[PDB]
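Here's the structure we're looking at; comments come further down.
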Amino acid sequence: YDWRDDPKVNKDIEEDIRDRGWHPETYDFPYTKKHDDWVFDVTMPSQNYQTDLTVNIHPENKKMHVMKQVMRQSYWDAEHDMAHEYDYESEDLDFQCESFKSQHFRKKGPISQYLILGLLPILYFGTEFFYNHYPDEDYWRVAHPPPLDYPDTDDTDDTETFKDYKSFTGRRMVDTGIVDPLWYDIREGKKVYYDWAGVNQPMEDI
Amino acid sequence: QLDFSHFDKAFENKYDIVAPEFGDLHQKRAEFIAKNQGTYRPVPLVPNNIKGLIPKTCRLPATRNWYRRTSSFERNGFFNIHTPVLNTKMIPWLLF
Amino acid sequence: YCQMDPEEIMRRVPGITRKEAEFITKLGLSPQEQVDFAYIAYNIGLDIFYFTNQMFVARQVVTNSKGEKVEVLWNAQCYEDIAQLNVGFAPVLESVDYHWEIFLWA
Amino acid sequence: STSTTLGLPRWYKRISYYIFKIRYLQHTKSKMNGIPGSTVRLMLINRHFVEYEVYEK
Amino acid sequence: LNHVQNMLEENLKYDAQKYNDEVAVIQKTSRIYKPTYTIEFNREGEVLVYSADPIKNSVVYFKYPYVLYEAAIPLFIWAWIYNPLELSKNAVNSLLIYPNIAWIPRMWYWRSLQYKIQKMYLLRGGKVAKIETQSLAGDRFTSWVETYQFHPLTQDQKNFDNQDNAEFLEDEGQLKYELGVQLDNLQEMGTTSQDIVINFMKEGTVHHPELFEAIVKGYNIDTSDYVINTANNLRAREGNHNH
Amino acid sequence: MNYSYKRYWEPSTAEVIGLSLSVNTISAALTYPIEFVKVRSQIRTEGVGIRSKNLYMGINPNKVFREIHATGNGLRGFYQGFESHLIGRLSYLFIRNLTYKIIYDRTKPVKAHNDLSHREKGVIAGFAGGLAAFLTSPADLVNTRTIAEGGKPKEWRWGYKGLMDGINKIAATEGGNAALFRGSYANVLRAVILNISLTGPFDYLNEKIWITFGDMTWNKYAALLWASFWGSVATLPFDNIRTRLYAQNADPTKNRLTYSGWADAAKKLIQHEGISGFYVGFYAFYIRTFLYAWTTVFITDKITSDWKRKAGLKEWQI
Amino acid sequence: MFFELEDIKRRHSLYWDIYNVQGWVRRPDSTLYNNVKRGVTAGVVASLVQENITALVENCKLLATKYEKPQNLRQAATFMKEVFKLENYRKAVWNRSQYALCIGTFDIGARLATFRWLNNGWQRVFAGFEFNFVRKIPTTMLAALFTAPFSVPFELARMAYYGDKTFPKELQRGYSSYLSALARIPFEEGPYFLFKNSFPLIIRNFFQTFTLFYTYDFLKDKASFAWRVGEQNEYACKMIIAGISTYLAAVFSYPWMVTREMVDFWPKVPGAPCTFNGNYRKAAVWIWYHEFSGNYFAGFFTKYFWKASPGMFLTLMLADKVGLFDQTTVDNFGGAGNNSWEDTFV
Amino acid sequence: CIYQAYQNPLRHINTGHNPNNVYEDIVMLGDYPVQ
Ligand SMILES: CCCCCCCCCCCCCCCCCC(=O)OC[C@H](COP(=O)([O-])OCC(O)COP(=O)([O-])OC[C@@H](COC(=O)CCCCCCCCCCCCCCCCC)OC(=O)CCCCCCCCCCCCCCCCC)OC(=O)CCCCCCCCCCCCCCCCC
Ligand SMILES: CCCCCCCCCCCCCCCCCC(=O)OC[C@H](COP(=O)([O-])OCC(O)COP(=O)([O-])OC[C@@H](COC(=O)CCCCCCCCCCCCCCCCC)OC(=O)CCCCCCCCCCCCCCCCC)OC(=O)CCCCCCCCCCCCCCCCC
Ligand SMILES: CCCCCCCCCCCCCCCCCC(=O)OC[C@H](COP(=O)([O-])OCC(O)COP(=O)([O-])OC[C@@H](COC(=O)CCCCCCCCCCCCCCCCC)OC(=O)CCCCCCCCCCCCCCCCC)OC(=O)CCCCCCCCCCCCCCCCC
Ligand SMILES: CCCCCCCCCCCCCCCCCC(=O)OC[C@H](COP(=O)([O-])OCC(O)COP(=O)([O-])OC[C@@H](COC(=O)CCCCCCCCCCCCCCCCC)OC(=O)CCCCCCCCCCCCCCCCC)OC(=O)CCCCCCCCCCCCCCCCC
Ligand SMILES: CCCCCCCCCCCCCCCCCC(=O)OC[C@H](COP(=O)([O-])OCC[N+](C)(C)C)OC(=O)CCCCCCCCCCCCCCCCC
Ligand SMILES: CCCCCCCCCCCCCCCCCC(=O)OC[C@H](COP(=O)([O-])OCC[N+](C)(C)C)OC(=O)CCCCCCCCCCCCCCCCC
Ligand SMILES: CCCCCCCCCCCCCCCCCC(=O)OC[C@H](COP(=O)(O)OCCN)OC(=O)CCCCCCCCCCCCCCCCC
Ligand SMILES: CCCCCCCCCCCCCCCCCC(=O)OC[C@H](COP(=O)(O)OCCN)OC(=O)CCCCCCCCCCCCCCCCC
């Protein structure tokens with residue numbers, strides 16, 4: 001006996017209210033305990049008052065009793081289960097004994113791995129996309145427009161587009177309205193997108 | 001002691017109390033509550049004579065209700081959400 | 001809770017006992033169902049003072065043609081699914097026992 | 001886990017119906033054994049509010 | 001939250017605890033009525049006390065103001081069709097709400113028609129009353145109620161009538177007016193409901209006026225002087241004119 | 001990555017000392033109660049270990065806090081020994097920062113975009129932390145004893161009423177200055193482990209999340225969470241052993257479980273409680289370290305960015 | 001260099017993608033001052049309206065408990081006229097208006113500001129519906145957790161004042177008003193008096209804010225097809241969405257607040273330990289694992305719905321009006337939408 | 001089979017079936033039962 005394992009003596013053990021009245025360590029395997037039976041005097045009186053004219057039953061006045069927590073599932077005993085399942089190789093005959101206690105009963109174990117089970121979709125998708133950088137390393141990064149005339153004019157065409165917008169034809173097209181207004185301004189060596197463009201400024205070249 | 005068969009005060013975990021947790025006034029209020037939990041019954045102030053209003057000297061019948069409840073209570077404390085009132089109330093919504 | 005008169009129940013089913021009638025009245029059934037259950041229980045010999053569980057749902061004592069009284073137990077059943085059937089050995093509704101081998105001895 | 005059938009998958013007979021009803025009522029009573037009655041719950045709900053300004057009518 | 005102190009909350013908790021500890025499921029009542037005459041119970045151990053055909057005796061189709069409610073549907077439909085007010089699409093579509101809500105009060109009235117007691121029996125012991133009613137669709141509902149849960153209402157139906165001195169029976173024994181009684185707890189179709197008002201129509205024969213009045217006023221009837229009549233006149237699902 | 005650093009501006013020694021002292025002062029003032037609760041939980045669990053099962057395995061920091069507050073001392077009761085804790089923390093920070101900056105200046109690479117490897121930085125930080133902890137051990141001992149007084153029986157309490165008072169009492173009653181260095185080895189080990197188990201994981205996860213999601217603001221704080229968790233995982237056993245050694249009273253009869261050294265304490269802990277016993281108060285330790293690191297990093301980054309902007313560095317160089 | 005952990009700063013090279021939109025770009029209007037101002041405005045207005053409604057309802061109930069409830073329109077009109085002139089009603093209006101100001105400024109404003117801060121940058125799809133809404137779930141959860149405990153101190157102060165008002169003169173603090181009580185409690189009982197056993201309020205606030213803000217933001221974009229293709233009334237659709245959001249918030253929040261009644265108000269079985277040991281967290285776990293919902297959903301409307309839902313509905317409407325739920329939408333084939341214009345017409 | 005001997009090397013011809021540190025073959029290397 002060790003008081004450290006006794007909840008009554010050891011106050012550091014946090015009792016679980018949802019498991020009150022249920023002790024997995026006391027189960028039979030196979031379970032052969034009766035914990036439910038006829039219950040009266042809660043709402044239905046145990047005595048007889050069918051023909052009592054001076055007594056009327058009021059079920060509304062139900063006195064509160066102790067909460068009946070739902071039965072807790074059995075918890076595994078690691079050493080006992082390992083010994084029970086253990087079989088000696090070239091010493092034991094291959095047979096099943098008459099006693100039913102030899103049945104391999106399933107008992108619940110640690111719940112830690114079930115956290116990873118529950119988070120598996122998040123973990124699996126993260127491994128698929130973020131860990132492997134699928135489809136490419138740039139899809140999940142915050143998007144930044146290319147710097148001014150970067151990487152080359154043939155691809156960027158910022159200066160030519162600016163000149164076209166500032167030209168007579170660009171102004172006339174903007175007036176027609178088929179083409180939207182210019183979205184960036186070429187500052188002193190840098191391109192700055194207007195706040196209404198709804199995009200981030202280009203990343204610095206370092 | 002080293003042996004764990006019987007408990008020893010060396011492992012006792014109880015912090016000493018030096019004063020009320022929330023003040024002497026709070027302690028006095030708690031003591032008064034314990035002494036007169038039911039004997040002291042303050043009530044909100046309401047006028048006792050109103051011309052238009054009719055004093056409520058009796059329990060009113062169900063025919064005075066402007067609204068009909070849907071849920072109900074079993075006499076054993078169970079709360080019924082499915083009731084004949086709900087059955088009749090769900091017909092228009094389901095039809096639509 | 002509208003318990004029916006045990007005397008009336010006994011009158012309707014002459015052979016039933018006062019204790020059985022009172023227990024039936026205590027049971028939460030409408031008076032008509034209480035009377036019908038009393039009739040069925042008396043006629044079959046079923047013991048109403050039996051708490052149904054997952055092993056047997058009821059028990060009865062019946063005198064066979066040889067004059068001997070024998071006990072007949074109504075087993076808890078399942079709908080074409082042994083997996084759903086609760087294999088237990090306690091008077092408990094909860095499915096506490098889990099078996100890796102459905103047929104231990106084959 | 002607890003089976004919803006309580007050991008009576010089919011009500012092929014009124015006796016089976018009665019047995020299922022009896023055990024279902026007993027189980028419901030046991031499950032509801034730990035909560036207050038209708039009167040207590042209703043009074044608590046009705047008089048939950050305790051925030052007033054002027055007292056001593 | 002519990003550390004905050006409130007005298008109203010403390011009084012509420014004390015009242016709840018005191019109620020739970022004091023009032024028990026079993027209660028003592030001295031309201032016992034002993035009928036002068038011997039009671040002749042049916043073969044089923046019950047005595048009939050009230051009979052009526054509320055569906056037969058009530059107006060079902062042409063009832064006010066439900067006729068008024070339903071007469072406006074063509075007006076709304078015509079308004080939506082022809083848009084006489086030159087409204088926008090959503091505004092005109094808003095006129096189609098009324099046809100989908102106009103018939104609800106008639107449904108509620110038809111439902112209420114099924115709460116008028118069709119048949120009433122008193123069981124052995126004078127503590128249980130069985131009330132049988134039907135809906136306009138022919139469904140038959142029977143419910144058992146303990147006698148103490150009855151509370152008669154005034155003729156105006158706006159207040160609780162004094163249980164002791166209630167004047168709702170004529171000298172011969174019939175009802176002066178359509179009586180209303182509130183059942184504190186009614187178990188209908190295996191569901192318990194609170195404060196359900198039911199009615200006994202004036203155009204309905206009242207058998208055993210003493211027993212009917214005792215049940216209405218909530219007295220427990222003493223059935224010591226009883227006889228049993230073996231008459232199997234009523235069959236299961238028997239037809240009647242309450243259709 | 002070896003050229004991904006941007007050390008374009010380095011604060012002077014005086015600036016480093018002043019900023020570190022002020023920021024550590026405010027951080028310790030903010031996060032002291034968590035450390036108090038952690039120490040009290042370790043003391044109360046000493047000699048028994050974790051006896052709950054599954055989700056309840058451990059000691060509830062909220063429960064410990066509520067029990068401490070129920071004593072009637074209010075929130076001021078959670079700052080008992082705060083003067084000693086602050087003095088010890090300030091001395092440790094001063095010594096460690098001075099030594100680390102001196103060595104870093106001596107052995108820094110010439111290029112501004114190159115920095116010492118994580119291994120070399122960890123070696124320097126561990127040496128500096130060990131030296132500082134060895135020098136400032138008595139303050140930590142006094143603070144831990146003051147914290148554990150409340151948990152321990154009144155007859156076993158020491159009744160220290162300040163850092164200087166505790167130092168004098170230890171020197172006189174126990175005799176000799178050697179009594180002031182009890183648990184110094186454990187403190188040095190804890191300091192070394194904490195120094196080496198923080199900078200690595202932070203940069204690891206910060207760079208990885210930058211590669212994944214690019215440049216964002218939540219990256220620093222996610223990396224901070226990761227680094228704090230792993231630092232707690234690495235250091236908590238040493239903190240527990242140091243707390244046990246400090247709480248060990250001079251008299252064996254007063255001691256509930258006497259220890260002769262770091263190894264002896266570890267052996268006793270393993271014997272009387274599983275290896276899980278080293279991680280009592282893990283939630284409290286994690287919260288304490290995360291809050292301290294977050295506040296320190298936030299204030300230091302704000303001040304450093306302001307100073308860099310005043311100097312005139314480019315946006316990317318900051 | 002400063003302490004044990006080093007915040008290493010690193011430089012990185014340029015990187016860009018084809019599309020510059022539909023990701024995270026912080027809106028220009030998302031600033032500490034502007035978001036705080038808008039959130040404070042919306043929260044203050046919503047709290048004022050909610051507290052006025054609660055005071056009116058409670059005074060109506062108080063008057064009805066002593067006088068028969070209205071029987072017709074004229075009786076209802078005179079009942080309201082007499083309620084409006086009650087001294088208790090006026091004092092409640094004043095104190096709860098102060099409480100509304102405080103809470104709308106320090107809890108609802110904080111919630112709105114944090115939500116805007118963490119969700120302003122999530123752009124939407126042009127000529128389409130914002131997919132990948134899961135990206136917003138962490139942001140809303142972060143905001144809900146951060147801003148959950150911002151109302152518990154004010155609520156505890158209000159409860160302490162209303163419970164002080166009901167003690168004898170000797171044991172009464174004598175708080176002049178709610179603001180006076182709020183200023184005095186921290187120094188008299190201590191700061192922890194306003195935070196002890198705050199789990200019910202904290203979880204209630206978390207569920208409210210999360211399932212309200214996130215659900216409204218989700219719906220206002222996903223159900224937008226009603227007015228974008230079906231030509232339905234946008235304002236009516238938004239009102240319906242806000243109603244659904246507030247109803248869901250009330251449903252998800254009330255069960256956690258029910259822990260107050262079970263732990264403290266439910267009668268205790270003599271000679272037996274408390275079922276939940278006086279722990280609101282354990283009571284909440286029991287509610288979560290309970291089989292029957294109605295048992296802890298009893299009293300949903302008479303207790304919490306009409307005290308919470310109208311405020312949340314008004315908060316959502318005002319936030320939408322000011323622009324706390326407005327996202328930026330730009331064409332992905334426009335000039336700034338993508339960096340590859342050669343395939344936008346070909 | 002580590003620091004705990006459960007099986008019987010007397011009845012087991014070879015003790016190398018499972019990892020262990022507490023079993024030894026009865027017929028060791030170099031042992032040859034010969035008539
Ligand atoms: C660091 C991780 C980082 C994050 C990523 C993690 C990714 C994980 C995989 C994700 C998907 C599955 C997640 C399921 C987790 C929950 C399992 C569960 O139900 O609880 C245990 C549960 C036991 O508890 P219980 O049923 O509640 O009650 C019994 C009591 O435990 C009492 O039981 P007892 O009396 O029998 O005592 C023993 C009990 C006591 O110990 C414990 O319970 C400890 C906690 C559980 C540990 C589980 C794994 C242990 C290591 C397995 C290694 C292989 C076997 C070699 C020997 C290992 C010895 C330790 O231990 C067990 O029962 C463990 C048995 C596990 C058997 C594993 C081999 C099964 C075949 C593989 C099928 C699945 C294939 C998936 C991949 C497909 C790829 C195409 O066992 C099962 O139900 C069996 C599940 C077996 C399959 C799933 C788990 C194995 C996953 C292997 C890795 C797959 C990787 C694939 C992706 C990456 C590839 C590189
Ligand atoms: C950005 C937009 C913003 C817009 C503006 C917003 C401004 C703020 C608005 C704030 C509103 C606050 C409302 C608070 C009410 C508090 C009630 C309360 O505590 O009840 C406790 C009550 C329990 O109380 P108890 O003490 O246990 O009752 C026991 C008595 O035995 C049993 O009770 P009793 O029979 O003795 O009852 C006495 C009766 C009090 O006695 C009377 O009823 C006498 C007065 C008779 C006249 C009735 C009103 C006449 C017309 C004026 C309407 C003004 C309404 C203004 C409020 C509107 C918003 C709610 O009290 C009541 O039952 C409540 C009366 C309230 C009026 C209800 C009817 C409103 C119809 C509205 C029609 C449209 C008007 C349009 C106006 C134009 C502008 C919008 O439990 C509940 O909470 C149940 C309420 C259930 C209500 C809904 C019923 C139908 C549900 C079906 C679904 C329909 C909705 C579908 C979804 C729609 C949304 C997606
Ligand atoms: C089986 C294990 C398997 C591996 C896993 C490990 C698990 C471990 C835990 C669980 C198992 C139980 C433990 C078993 C440990 C076994 C090893 C062992 O023996 O270690 C014990 C060893 C010592 O334990 P101990 O017996 O408790 O001794 C500590 C006493 O408690 C200290 O007493 P104190 O606290 O009262 O100290 C007072 C202070 C009293 O102060 C004095 O020393 C006084 C005399 C000197 C005063 C002057 C100091 C200098 C200042 C003046 C300078 C000159 C003047 C300058 C100008 C004027 C101004 C100042 O004394 C000291 O300084 C310390 C004692 C030595 C003093 C004598 C002279 C030493 C000179 C050399 C050092 C100099 C620098 C020291 C400071 C550090 C640098 C800053 O502990 C350790 O090594 C710690 C654990 C192991 C760490 C290494 C990690 C290995 C594992 C690697 C991973 C493996 C993974 C793979 C698995 C492998 C499986 C095999
Ligand atoms: C931003 C992060 C976003 C992350 C998003 C993540 C999304 C995915 C996951 C979502 C789910 C996460 C769930 C988390 C675990 C929850 C576990 C649980 O339910 O049990 C915990 C705990 C259970 O404790 P217990 O032992 O069962 O006690 C039961 C009693 O009913 C209740 O226990 P009690 O009454 O003993 O304890 C009440 C607690 C109440 O504490 C509070 O009200 C403070 C807020 C945190 C409380 C969290 C509980 C305590 C945790 C340990 C210590 C936390 C330190 C502070 C927070 C940082 C570290 C986490 O009181 C204290 O611990 C002491 C308060 C100190 C006195 C007042 C002075 C405050 C400081 C004032 C000066 C500094 C600030 C102003 C000046 C600034 C400079 C100008 O329950 C709670 O306290 C509430 C849990 C509610 C769960 C629903 C989700 C909401 C969670 C809110 C927590 C965070 C609030 C915001 C602060 C942090 C960010 C800035
Ligand atoms: C049976 C047991 C025998 C025990 C004794 C004999 C064996 C002893 C073995 C010791 C091993 C020590 C390992 C340290 C950790 C290394 C981790 C590692 O390499 O991770 C990869 C990383 C590699 O970092 P990196 O610099 O290459 O860059 C990382 C970034 N990338 C990947 C992009 C390049 O190393 C670290 O993060 C190391 C951080 C810690 C460094 C400091 C270690 C401790 C130094 C102590 C110095 C002395 C203190 C004072 C002592 C006073 C008393 C004497
Ligand atoms: C695998 C090869 C290595 C060699 C062989 C293996 C030998 C070592 C085996 C160690 C087993 C694990 C021991 C710790 C178990 C803790 C269990 C637990 O959670 O207890 C409850 C405690 C209780 O903490 P609490 O007191 O805060 O309680 C809070 C919990 N409630 C609210 C429920 C009370 O929980 C924790 O501490 C959770 C985190 C546990 C983290 C364990 C880390 C162990 C690391 C050991 C080695 C050092 C790190 C090295 C690697 C990283 C750095 C490089
Ligand atoms: C059913 C499950 C899957 C559900 C669908 C998920 C689809 C996307 C893949 C995500 C997988 C993990 C779950 C994360 C959900 C919330 C964050 C998210 O979805 O990230 C998207 C968003 C950036 O995406 P966005 O830029 O908007 O994309 C369009 C750009 N033109 O990013 C953000 O908003 C920033 C979020 C930062 C934090 C993310 C943390 C993710 C961690 C995942 C697990 C990692 C495990 C690694 C294991 C390593 C083992 C060695
Ligand atoms: C979006 C498709 C994918 C999602 C799942 C779809 C499931 C379909 C199941 C069938 C029943 C739902 C009705 C069909 C889907 C919704 C309507 C739709 O697809 O939008 C188009 C529809 C008609 O528009 P159309 O005439 O084609 O536009 C041409 C413009 N020149 O536009 C309309 O007329 C608008 C009608 C909106 C009705 C929405 C009902 C379902 C949403 C939940 C209930 C909302 C209740 C409140 C509605 C308030 C409206 C004011």
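Residue names in the structure tokens use chain letters A, B, ... in the order shown, residue numbers from 1 in each chain, and ligand numbers from 1 in the order shown.
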Residues at most 6 Å from ligand 6, using only C-alpha atoms and all ligand atoms? Could they come as a PyMOL selection string?
chain F and resi 55-60+233-234+275-276+279-284
Restrict the calculation to only C-alpha atoms, then for each residue of chain E with any atom at most 12 Å from an atom of chain C give the closest atom pair and their distance in Å to one decimal, rows by chain and rising residue number, as CSV.
residue,atom,partner,partner_atom,distance
E:25,CA,C:1,CA,11.2
E:26,CA,C:1,CA,12.0
E:41,CA,C:8,CA,10.7
E:42,CA,C:8,CA,11.6
E:43,CA,C:12,CA,8.9
E:44,CA,C:12,CA,8.0
E:45,CA,C:8,CA,6.7
E:46,CA,C:8,CA,9.9
E:122,CA,C:4,CA,11.1
E:123,CA,C:4,CA,7.6
E:124,CA,C:5,CA,5.9
E:125,CA,C:5,CA,6.3
E:126,CA,C:5,CA,9.5
E:127,CA,C:2,CA,7.7
E:128,CA,C:2,CA,6.0
E:129,CA,C:2,CA,8.7
E:130,CA,C:31,CA,9.6
E:142,CA,C:30,CA,10.2
E:143,CA,C:30,CA,8.6
E:144,CA,C:2,CA,6.7
E:145,CA,C:2,CA,6.7
E:146,CA,C:2,CA,6.1
E:147,CA,C:2,CA,9.5
E:148,CA,C:2,CA,11.2
E:149,CA,C:2,CA,11.5
E:185,CA,C:1,CA,11.5
E:186,CA,C:2,CA,11.4
E:187,CA,C:1,CA,10.1
E:188,CA,C:30,CA,11.6
E:189,CA,C:30,CA,11.2
E:190,CA,C:30,CA,9.7
E:192,CA,C:1,CA,11.6
E:223,CA,C:5,CA,10.9
E:224,CA,C:7,CA,11.7
E:226,CA,C:8,CA,11.4
E:227,CA,C:8,CA,11.7
E:228,CA,C:11,CA,10.3
E:230,CA,C:12,CA,11.3
Using only C-alpha atoms and all ligand atoms, which protein or nucleic acid residues are at most 8 Å from ligand 2, as an NGL selection string?
(:B and (62 or 64-69)) or (:D and (46)) or (:G and (49-50 or 53-54 or 57 or 61 or 69-73 or 75-77 or 239-244 or 300-303 or 305-306 or 310 or 313-314 or 317-318))
Quick one: residues within 7 Å of residue 38 (chain E), only C-alpha atoms counted, chain neighbours fewer than 2 positions away excluded, as a list in words?
residues 36, 40, 225 and 226 of chain E
Using only C-alpha atoms, which chain F residues lie at most 10 Å away from chain A, written as a ChimeraX atom specification?
/F:44-45,47-60,208-216,314-317
Now that the selection is made, can you save its residues with N, CA and C atoms as a short mmCIF file (atom, residue, chain, number, x, y, z; two decimals), in the first residue's frame?
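Output saved as result.cif:
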data_model
loop_
_atom_site.label_atom_id
_atom_site.label_comp_id
_atom_site.auth_asym_id
_atom_site.auth_seq_id
_atom_site.Cartn_x
_atom_site.Cartn_y
_atom_site.Cartn_z
N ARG F 44 5.74 21.48 -3.95
CA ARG F 44 4.64 20.66 -3.43
C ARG F 44 4.66 19.26 -4.01
N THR F 45 5.10 19.11 -5.26
CA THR F 45 5.18 17.79 -5.88
C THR F 45 6.45 17.04 -5.51
N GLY F 47 9.04 14.74 -3.92
CA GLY F 47 8.95 13.56 -3.09
C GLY F 47 7.75 12.67 -3.37
N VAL F 48 6.81 13.11 -4.21
CA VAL F 48 5.61 12.36 -4.52
C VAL F 48 5.50 12.06 -6.01
N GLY F 49 5.70 13.08 -6.85
CA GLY F 49 5.61 12.91 -8.28
C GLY F 49 4.18 12.94 -8.78
N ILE F 50 4.04 12.77 -10.09
CA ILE F 50 2.73 12.83 -10.73
C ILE F 50 2.02 11.50 -10.52
N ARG F 51 0.82 11.56 -9.94
CA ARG F 51 0.03 10.37 -9.66
C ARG F 51 -1.29 10.32 -10.42
N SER F 52 -1.69 11.40 -11.08
CA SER F 52 -2.87 11.36 -11.92
C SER F 52 -2.59 10.53 -13.17
N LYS F 53 -3.65 10.26 -13.93
CA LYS F 53 -3.57 9.39 -15.09
C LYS F 53 -4.19 10.09 -16.30
N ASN F 54 -3.56 9.92 -17.46
CA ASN F 54 -4.07 10.46 -18.72
C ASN F 54 -4.09 11.98 -18.72
N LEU F 55 -5.24 12.57 -19.06
CA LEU F 55 -5.36 14.01 -19.23
C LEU F 55 -5.09 14.78 -17.95
N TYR F 56 -5.26 14.15 -16.79
CA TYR F 56 -5.02 14.79 -15.51
C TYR F 56 -3.57 14.69 -15.05
N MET F 57 -2.71 14.06 -15.84
CA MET F 57 -1.32 13.84 -15.45
C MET F 57 -0.60 15.18 -15.33
N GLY F 58 -0.31 15.59 -14.10
CA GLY F 58 0.41 16.82 -13.83
C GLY F 58 -0.22 17.57 -12.68
N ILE F 59 0.25 18.80 -12.49
CA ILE F 59 -0.25 19.71 -11.46
C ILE F 59 -0.86 20.91 -12.16
N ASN F 60 -2.05 21.31 -11.72
CA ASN F 60 -2.77 22.40 -12.37
C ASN F 60 -2.21 23.75 -11.92
N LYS F 208 12.32 28.40 -41.77
CA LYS F 208 11.47 27.46 -42.48
C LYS F 208 10.12 28.08 -42.84
N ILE F 209 9.50 28.79 -41.89
CA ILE F 209 8.20 29.40 -42.18
C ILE F 209 8.36 30.56 -43.14
N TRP F 210 9.49 31.26 -43.12
CA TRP F 210 9.72 32.28 -44.14
C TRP F 210 9.79 31.64 -45.52
N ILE F 211 10.50 30.52 -45.64
CA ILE F 211 10.58 29.83 -46.92
C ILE F 211 9.19 29.38 -47.37
N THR F 212 8.37 28.91 -46.44
CA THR F 212 7.05 28.41 -46.80
C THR F 212 6.12 29.56 -47.20
N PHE F 213 5.86 30.48 -46.28
CA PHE F 213 4.87 31.54 -46.47
C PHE F 213 5.49 32.89 -46.79
N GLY F 214 6.78 32.93 -47.09
CA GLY F 214 7.39 34.21 -47.40
C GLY F 214 7.51 35.09 -46.17
N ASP F 215 7.59 36.40 -46.43
CA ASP F 215 7.80 37.38 -45.38
C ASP F 215 6.46 37.82 -44.80
N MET F 216 6.24 37.52 -43.52
CA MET F 216 5.05 37.93 -42.80
C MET F 216 5.46 38.32 -41.39
N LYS F 314 18.79 51.51 -44.58
CA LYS F 314 17.72 51.27 -45.53
C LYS F 314 16.66 50.36 -44.91
N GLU F 315 15.50 50.30 -45.57
CA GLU F 315 14.38 49.53 -45.03
C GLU F 315 14.75 48.05 -44.91
N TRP F 316 15.41 47.50 -45.93
CA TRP F 316 15.76 46.08 -45.89
C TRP F 316 16.87 45.80 -44.89
N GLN F 317 17.78 46.76 -44.68
CA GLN F 317 18.87 46.55 -43.73
C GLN F 317 18.38 46.47 -42.29
#
Write out as a list in words the set of residues from region 2-96 of chain B that DSSP, computed on the backbone, places in alpha helix (DSSP H).
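Residues of region 2-96 of chain B classed as alpha helix (DSSP H): residues 24, 25, 26, 27, 28, 29, 30, 31, 32, 33, 34, 35, 84, 85, 86, 87, 88, 89, 90, 91, 92, 93, 94 and 95 of chain B.
The residue set within 9 Å of region 82-92 of chain C, counting only C-alpha atoms and dropping same-chain residues fewer than 5 places from it, reads residues 30, 31, 32, 33, 34, 35, 36 and 37 of chain A; 51, 52, 53, 54, 55, 56, 76, 77, 97, 98, 99 and 102 of chain C; 3 and 7 of chain D.
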